[PDB]
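So this first bit is one chain, no partners, the form whose entry title says "closed state", shown in structure tokens.
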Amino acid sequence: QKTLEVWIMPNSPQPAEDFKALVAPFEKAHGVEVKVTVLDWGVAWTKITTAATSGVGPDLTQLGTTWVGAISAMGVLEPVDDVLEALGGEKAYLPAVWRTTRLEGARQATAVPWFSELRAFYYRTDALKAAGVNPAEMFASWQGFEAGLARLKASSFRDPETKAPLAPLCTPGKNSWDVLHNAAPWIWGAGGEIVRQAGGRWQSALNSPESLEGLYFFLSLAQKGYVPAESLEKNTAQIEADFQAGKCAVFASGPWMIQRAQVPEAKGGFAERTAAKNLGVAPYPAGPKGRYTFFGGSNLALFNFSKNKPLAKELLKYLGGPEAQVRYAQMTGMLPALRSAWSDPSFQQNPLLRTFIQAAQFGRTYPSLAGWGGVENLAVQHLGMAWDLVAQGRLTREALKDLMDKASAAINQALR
């Protein structure tokens, strides 16, 4: 009785049940049972690295694209060049999705692209209308973005449900990997980066002039009262919930919210809510050095201590392939990792998703480095402490620089 075990993060409103629906046609063809376990994003790094060093865990795990090099360099993943060749090799993926299949500079791929995800701004159509904000100008530039938040702060608009005003902007300040992913575009927009390569060695560029200019611009949005104090102690899920509840006019997120907007509360969505009926999407605004957003998603890896590798490689080919690529993106509201799958009507004929599709031009990835998991832990801890400077009214350019100096020294040790 052939059995496979898969670890996933919560990609859909009913994560286990949807994934069971996705693999149902593969279970039927092979007479295999695919058992699924769901790990919260917060604990996923801990549980996946523990499986890696202990030698016990699933056949397959979901991996964030930014983690693939890091888990690969622990030497615990199976080569999957065979699976990727069978899915159509380098040509079948965006160059950026292809780079997340391997540790940077490795002979062999160690992960199969599963779904893509990039970031854009959800806004309340009713709130921006009542505030006199033209979205096309609010989302064009840093100048316009600040100008829209300031109109939204001063607006008399109140939510038809809460009978309370809306925070112009909510973003997470603690615990989530997004504390890093929400800062990345502001950093890139000012011409900076998280890391840079000098003499073949990567190092922190979080304390570079350009990185500090973008981070400072982002944090100073909270300084001016556009992000409420309470938001800076919250994690991604809580900010999502506050947008859904109609407490926030604007927030950065992935294409999945479009799907949740169509599905009732009882099935893990917010179709009942005022926000679901007053939903707009806009790209990140251009910085001084132009337009960028975070491009990520999740791949699938096979642990090299798996006992079911030929069968697990069949599951990878199936999950990586057109039918399952379309189906899971429909269930999750993600984009397919397989580029050919973007032409399916559920993505092309989806108006809010169109913004996410167009935003792929300006999408940017972290290099796929060995220490990258420790970089995200240190960046999240130290960016958390940078939001604290605003909550304490201690935000200065020199206090940010000091903070990022400490982060950079730590990130330089982690990168080796």
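Just count from 1 along the sequence shown to find any residue number. For clarity, a rigid core is taken as the largest C-alpha set superposing within 1.5 Å between two forms.
In what follows, reference is made to the form whose entry title says "open state", a form of this protein that is not presented.
Once you line up the core between this form and the one not shown, the Cα of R291 stays within less than 2 Å of where it was. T396 shows a C-alpha shift below 2 Å between this form and the one not shown [criterion: core-superposed Cα displacement of 2 Å]. Core-superposed comparison between this form and the one not shown: the C-alpha position of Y318 differs by no less than 2 Å.
If you compare C-alpha positions, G42 and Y226 are 3 angstroms or more farther apart in the other entry than in the form on display.
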